[PDB]
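Worksheet for the structure shown next.
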Amino acid sequence: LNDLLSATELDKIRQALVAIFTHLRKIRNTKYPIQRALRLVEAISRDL
Amino acid sequence: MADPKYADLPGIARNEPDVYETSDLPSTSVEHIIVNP
Amino acid sequence: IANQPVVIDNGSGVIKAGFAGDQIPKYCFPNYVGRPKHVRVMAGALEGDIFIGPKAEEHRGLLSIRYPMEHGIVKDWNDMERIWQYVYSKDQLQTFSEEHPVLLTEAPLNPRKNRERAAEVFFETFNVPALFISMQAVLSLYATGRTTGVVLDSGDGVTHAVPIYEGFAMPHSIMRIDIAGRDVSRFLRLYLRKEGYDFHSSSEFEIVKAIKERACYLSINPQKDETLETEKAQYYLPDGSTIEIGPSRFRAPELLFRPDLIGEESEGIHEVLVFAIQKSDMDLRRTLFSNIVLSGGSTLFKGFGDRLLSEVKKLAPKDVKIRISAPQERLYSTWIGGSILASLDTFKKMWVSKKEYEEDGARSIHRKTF
Amino acid sequence: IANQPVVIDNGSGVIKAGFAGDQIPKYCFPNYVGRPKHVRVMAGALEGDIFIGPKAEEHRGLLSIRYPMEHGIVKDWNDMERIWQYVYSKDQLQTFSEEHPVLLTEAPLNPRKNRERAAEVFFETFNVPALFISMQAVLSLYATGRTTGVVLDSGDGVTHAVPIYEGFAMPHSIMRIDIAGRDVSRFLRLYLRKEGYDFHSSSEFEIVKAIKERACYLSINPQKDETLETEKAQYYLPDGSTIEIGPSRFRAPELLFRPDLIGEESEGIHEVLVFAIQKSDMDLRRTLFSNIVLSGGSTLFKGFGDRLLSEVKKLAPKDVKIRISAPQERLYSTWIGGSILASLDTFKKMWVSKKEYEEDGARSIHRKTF
Ligand SMILES: Nc1ncnc2c1ncn2[C@@H]1O[C@H](COP(=O)(O)OP(=O)(O)O)[C@@H](O)[C@H]1O
Ligand SMILES: Nc1ncnc2c1ncn2[C@@H]1O[C@H](COP(=O)(O)OP(=O)(O)O)[C@@H](O)[C@H]1O
């Protein structure tokens, strides 16, 4: 998330989001609430 | 503690032990050579 | 409410009660029924026609005694109503049937109809915010602080042993004998006329209870004490007379170990408990040899423990160390364990709304107790 | 780039593990999960319901054991993940998983689906950097440091014979038998009911397994040894009970060479073993005469290799000197051999990165199989 905290341009921002998504792959290993996950989805939407 | 609690009601194992008990009492060697000649 | 739910030591012989956090069941009294034996005519006498308290067990010759509990199970629900009214007396509570949750006790292997009947009264007569009933065995280990162990209660309703592995009960391994000290008193009455003693009254029965709890004791040697030349000590009767004793002072409690003498087919409390042990795992019994818990008022006897130990010695396995506890309060401890349970915020499943009972009934409680 | 790998010597009965370059497997715990039989309504006891190891062996009573793996083919793959998660326990690892190379074990004559699903676990649920597992017999040879050899493992119910020439196995001369101590103990249970005894519980059966491992050996001439009378030196249970023996001490382990007597079209370890030897080179058998690798812990028997020498004389060649290698860390031999391999800079060529799995996965499994 520090990448978006220090996000500068489209390429860096976009690729940072890509790395973010790859880290988001941990759901199969966490089991976190679907609704809270959706909260995070739109949270990232607001952040973006 | 429950000392005054014991003073109130009479169900206490007075002058008696609370515990009873049944007392005490006193490689793989290798080289299995089938020397066939 | 932010205060103490009603803790009731639903006692077989003697029922007690109090509240959460407290260590004194403030009110203790036997499970009898006190109505009168005669009719007052004189203007200015005592009235009520239904008595509890000391006045009831004062004028025994004037008050008809009717014990309403049978094998730990009452069938005189009207008397239970009146009993709970006495529980609600100004001498006791001055409260309502809605201000606190109700905790009562039980014994297993009973008809669910009892639980039905019970809750029916508890909610048709009362408007209890939360009702719960369970086994004192859990409460017993709570009093001992343990987790596992086998507890045998000896009340005047039913004597039953429960093996316990951290609360994970084994319903296929619990034993329950329906004997009481009441029968031993009756048996004593048999010894009375054997020795020529004319006693048949209900008032006399309580005197025999005093004899039981005082003049009787336990003879450790089974048949060696059976052949002892008695001396027939004499007990000075409270009214002012005196009567001999004889060897019967220890003979009668042996019927609890030889029920076949009266005709009841069983195997003796000791062997019955051993059979309960036999209805379990193999090496977990080894723990139970150390885990021996005593309970019930019908355990207070001079010679009780060591004799029972000898019984166990005959029932002992091949060279296994055995530890036997003996709590002081073999009855009160259960009430205190109930006070501990009532002092829990994790009583969530146990507190049940009255509306829920209206919706389902005792079955809803059966799901919780099962 | 990698970290210190961990060799996981998967014994068919007991899995073992430990970091690279070491001499003793760090962990040694079996392959089964228990779940409690009895439940409770009591508040304050244990939790978990899934235990492996001293927790399970501790309270065997309710935890009903179930072996998830059968001949490598496990059916509780999800539970194996939980098992490996237990390998990542606080008492076990406290390390990470997606940042370290590892090493498990692999026996031959298996469906590829197992390896496929294994890669799915370690590279879908995990993100292990690089990992490659191969044939266990080579690890035993690493422990020997001897080019050619006839490895014969001994799992719980799994056995296989493999000849290897300087790091080269014989795919057309490698055999396998689907049994070891598993049905031997089951057959002992058969003997138990043959003389009236049942040990139907899972834990009870493992106790029987321990008894087998505790008192069993090999006889000389089975039908001729049957002519005597077994005095049956009774052992006494942890429960404290009589334990007879019967021919079990010598007859029951020889079931391996009598599969027809147990119902299986098979011949014998040594039989099919020497047959594959006959399928090998006319010259390499000479080398294998001294190169007889014994492995697997099921092999613990009095005169084990000696009766095997008798089997050698049964399958005698045309008078050529033979020699057997019988070490004492046969189970550990594979773990230590992996540790040797794990202590090699040659794993660079012997590995498969996770990136390779990302690229192909299944194709990397098929193509880069060995
Ligand atoms: N001091 C005593 N000695 C022997 N027995 C006793 C004593 N006090 C009470 N009891 C026995 O306890 C029984 C009363 O049942 P109890 O143990 O009170 O069960 P509960 O508390 O569940 O009513 C009676 O049979 C009586 O004989
Ligand atoms: N005293 C003994 N006699 C025979 N076998 C034994 C003895 N003690 C342990 N074992 C065996 O050790 C073996 C270890 O098997 P396992 O770990 O499954 O081997 P592998 O690593 O070949 O799969 C088990 O099969 C068990 O039966």
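Within each chain, counting starts at residue 1; across the structure tokens, chains are named A, B, ... in the order shown, with ligands numbered 1 upward in that order.
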
For this session: Considering only C-alpha atoms, return as a PyMOL selection string whatever protein or nucleic-acid residues lie within 8 Å of residue 164 (chain C), sequence-local ones (same chain, fewer than 6 positions apart) excluded.
Result: chain C and resi 147-151+170

Problem set entry | 9 Å contacts from chain B to chain C using only C-alpha atoms, as a PyMOL selection string | chain B and resi 2+5+8-14+16-25

Take the residues from that selection and write them out as a PDB file, in the first residue's frame, keeping C-alpha atoms.
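Ended up saving to selection_25.pdb:
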```
ATOM      1  CA  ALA B   2     -15.215 -20.196  54.297  1.00  0.00           C
ATOM      2  CA  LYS B   5     -19.549 -20.239  56.256  1.00  0.00           C
ATOM      3  CA  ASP B   8     -23.304 -21.393  59.752  1.00  0.00           C
ATOM      4  CA  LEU B   9     -24.107 -24.880  58.410  1.00  0.00           C
ATOM      5  CA  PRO B  10     -22.986 -28.229  59.859  1.00  0.00           C
ATOM      6  CA  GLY B  11     -21.835 -30.116  56.785  1.00  0.00           C
ATOM      7  CA  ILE B  12     -18.058 -30.090  57.294  1.00  0.00           C
ATOM      8  CA  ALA B  13     -15.730 -33.122  57.368  1.00  0.00           C
ATOM      9  CA  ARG B  14     -14.720 -32.265  60.908  1.00  0.00           C
ATOM     10  CA  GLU B  16     -11.649 -36.343  59.280  1.00  0.00           C
ATOM     11  CA  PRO B  17      -9.250 -36.581  56.326  1.00  0.00           C
ATOM     12  CA  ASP B  18     -10.538 -35.309  53.014  1.00  0.00           C
ATOM     13  CA  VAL B  19      -8.286 -37.543  50.936  1.00  0.00           C
ATOM     14  CA  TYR B  20      -8.067 -41.304  51.031  1.00  0.00           C
ATOM     15  CA  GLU B  21      -5.588 -43.262  49.007  1.00  0.00           C
ATOM     16  CA  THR B  22      -4.332 -46.708  48.064  1.00  0.00           C
ATOM     17  CA  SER B  23      -0.761 -46.580  49.436  1.00  0.00           C
ATOM     18  CA  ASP B  24       2.572 -47.024  47.629  1.00  0.00           C
ATOM     19  CA  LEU B  25       4.444 -50.159  46.561  1.00  0.00           C
TER      20      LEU B  25
END
```

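In this comparison, chain C was overlaid on chain D using all C-alpha atoms paired by position, and the resulting RMSD is 1.3 Å.
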
For this session: Quote the spacing between CA of residue 252 (chain C) and CA of residue 303 (chain C) in Å to one decimal place.
Result: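 Interatomic distance here is 13.5 Å.
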
For this session: All residues within 6 Å of ligand 1 are required, counting only C-alpha atoms and all ligand atoms; please report them as JSON, numbers by chain.
Result: {"C": [11, 12, 13, 14, 15, 154, 155, 156, 180, 181, 182, 213, 296, 297, 298, 299, 300, 301, 331]}

For this session: Select residues of chain C: the criterion is any atom within 6 Å of an atom of chain D, counting only C-alpha atoms; output as a PyMOL selection string.
Result: chain C and resi 166-168+282-283+318

For this session: Run DSSP on the backbone and grab whatever in chain A lands in alpha helix (DSSP H); send it over as an NGL selection string.
Result: :A and (2-5 or 10-24 or 34-47)

Selection file, N, CA and C atoms, as a short mmCIF file (atom, residue, chain, number, x, y, z; two decimals), in the first residue's frame:
```
data_model
loop_
_atom_site.label_atom_id
_atom_site.label_comp_id
_atom_site.auth_asym_id
_atom_site.auth_seq_id
_atom_site.Cartn_x
_atom_site.Cartn_y
_atom_site.Cartn_z
N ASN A 2 2.10 1.14 0.44
CA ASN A 2 3.00 2.29 0.47
C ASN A 2 3.28 2.78 -0.93
N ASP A 3 3.14 1.90 -1.92
CA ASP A 3 3.31 2.27 -3.31
C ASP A 3 2.25 3.27 -3.71
N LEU A 4 1.00 3.03 -3.30
CA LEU A 4 -0.05 4.00 -3.60
C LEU A 4 0.08 5.22 -2.71
N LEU A 5 0.67 5.04 -1.53
CA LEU A 5 0.88 6.18 -0.64
C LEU A 5 1.89 7.14 -1.26
N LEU A 10 0.99 7.05 -13.78
CA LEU A 10 0.20 6.00 -14.41
C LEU A 10 0.85 4.64 -14.50
N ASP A 11 2.10 4.64 -14.94
CA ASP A 11 2.83 3.39 -15.08
C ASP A 11 3.13 2.82 -13.72
N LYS A 12 3.73 3.64 -12.86
CA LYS A 12 4.06 3.22 -11.51
C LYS A 12 2.80 2.91 -10.72
N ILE A 13 1.77 3.74 -10.87
CA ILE A 13 0.51 3.55 -10.16
C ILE A 13 -0.16 2.25 -10.57
N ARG A 14 -0.28 2.05 -11.88
CA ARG A 14 -0.91 0.86 -12.44
C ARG A 14 -0.19 -0.41 -12.04
N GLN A 15 1.13 -0.43 -12.22
CA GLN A 15 1.92 -1.60 -11.87
C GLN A 15 1.92 -1.83 -10.36
N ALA A 16 1.79 -0.75 -9.58
CA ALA A 16 1.69 -0.88 -8.14
C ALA A 16 0.39 -1.58 -7.79
N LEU A 17 -0.68 -1.23 -8.52
CA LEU A 17 -1.97 -1.88 -8.32
C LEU A 17 -1.91 -3.34 -8.72
N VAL A 18 -1.08 -3.65 -9.72
CA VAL A 18 -0.91 -5.03 -10.15
C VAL A 18 -0.27 -5.84 -9.04
N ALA A 19 0.81 -5.30 -8.47
CA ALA A 19 1.49 -5.96 -7.35
C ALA A 19 0.56 -6.06 -6.15
N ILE A 20 -0.30 -5.06 -6.00
CA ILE A 20 -1.29 -5.04 -4.94
C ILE A 20 -2.26 -6.19 -5.12
N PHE A 21 -2.69 -6.43 -6.36
CA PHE A 21 -3.62 -7.52 -6.67
C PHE A 21 -2.98 -8.87 -6.40
N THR A 22 -1.71 -9.00 -6.77
CA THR A 22 -0.99 -10.24 -6.51
C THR A 22 -0.88 -10.47 -5.02
N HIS A 23 -0.79 -9.40 -4.24
CA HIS A 23 -0.78 -9.62 -2.81
C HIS A 23 -2.19 -9.89 -2.33
N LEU A 24 -3.20 -9.42 -3.08
CA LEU A 24 -4.58 -9.69 -2.71
C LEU A 24 -4.92 -11.15 -2.89
N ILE A 34 -16.55 -11.78 3.25
CA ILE A 34 -16.81 -11.34 1.89
C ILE A 34 -17.22 -9.88 1.86
N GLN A 35 -18.10 -9.49 2.78
CA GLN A 35 -18.57 -8.12 2.82
C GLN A 35 -17.46 -7.17 3.19
N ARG A 36 -16.63 -7.55 4.17
CA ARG A 36 -15.50 -6.70 4.53
C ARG A 36 -14.52 -6.63 3.38
N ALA A 37 -14.42 -7.72 2.60
CA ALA A 37 -13.57 -7.71 1.43
C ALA A 37 -14.10 -6.73 0.41
N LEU A 38 -15.43 -6.67 0.28
CA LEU A 38 -16.04 -5.72 -0.64
C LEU A 38 -15.81 -4.30 -0.15
N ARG A 39 -15.78 -4.12 1.18
CA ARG A 39 -15.49 -2.81 1.75
C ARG A 39 -14.10 -2.41 1.35
N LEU A 40 -13.18 -3.37 1.36
CA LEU A 40 -11.82 -3.10 0.95
C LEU A 40 -11.74 -2.84 -0.53
N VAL A 41 -12.58 -3.51 -1.32
CA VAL A 41 -12.59 -3.31 -2.77
C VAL A 41 -12.96 -1.87 -3.09
N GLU A 42 -14.06 -1.41 -2.51
CA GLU A 42 -14.44 -0.03 -2.77
C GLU A 42 -13.54 0.94 -2.03
N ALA A 43 -12.86 0.49 -0.97
CA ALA A 43 -11.92 1.35 -0.28
C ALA A 43 -10.78 1.66 -1.22
N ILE A 44 -10.28 0.63 -1.89
CA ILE A 44 -9.22 0.77 -2.87
C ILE A 44 -9.73 1.59 -4.05
N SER A 45 -11.02 1.47 -4.36
CA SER A 45 -11.60 2.27 -5.44
C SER A 45 -11.55 3.75 -5.07
N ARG A 46 -11.88 4.06 -3.82
CA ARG A 46 -11.82 5.44 -3.34
C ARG A 46 -10.38 5.94 -3.30
N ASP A 47 -9.47 5.07 -2.85
CA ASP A 47 -8.06 5.42 -2.76
C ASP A 47 -7.49 5.72 -4.13
#
```

For this session: Pull out every residue of chain D that has at least one atom within 9 Å of chain A, counting only C-alpha atoms, and report them as a PyMOL selection string.
Result: chain D and resi 124-126

For this session: Can you work out which one of D:145, D:34, D:222, D:253 has the shortest atom-to-atom distance to ligand 2, counting only C-alpha atoms and all ligand atoms?
Result: D:253

Exercise. Residues at most 9 Å from residue 334 (chain C), counting only C-alpha atoms, excluding those fewer than 6 positions away in the same chain, as a PyMOL selection string?
Worked result: chain C and resi 9+105+136-143+295

Problem set entry | Nearest to ligand 2, chosen from D:261, D:158, D:315, D:20, with only C-alpha atoms and all ligand atoms counted in the distances |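 Among D:261, D:158, D:315, D:20, it is D:158 that comes nearest to ligand 2.
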
Exercise. Using only C-alpha atoms, which residues sit within 6 Å of region 65-67 of chain D once same-chain residues fewer than 2 positions away are excluded, as a list in words?
Worked result: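 Within the cut-off, the hits are residues 32, 33, 34, 69 and 202 of chain D.
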
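Here CA of residue 270 (chain C) and CA of residue 72 (chain C) stand 20.7 Å from one another.
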
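Counting from CA of residue 177 (chain D), the distance to CA of residue 254 (chain D) is 14.2 Å.
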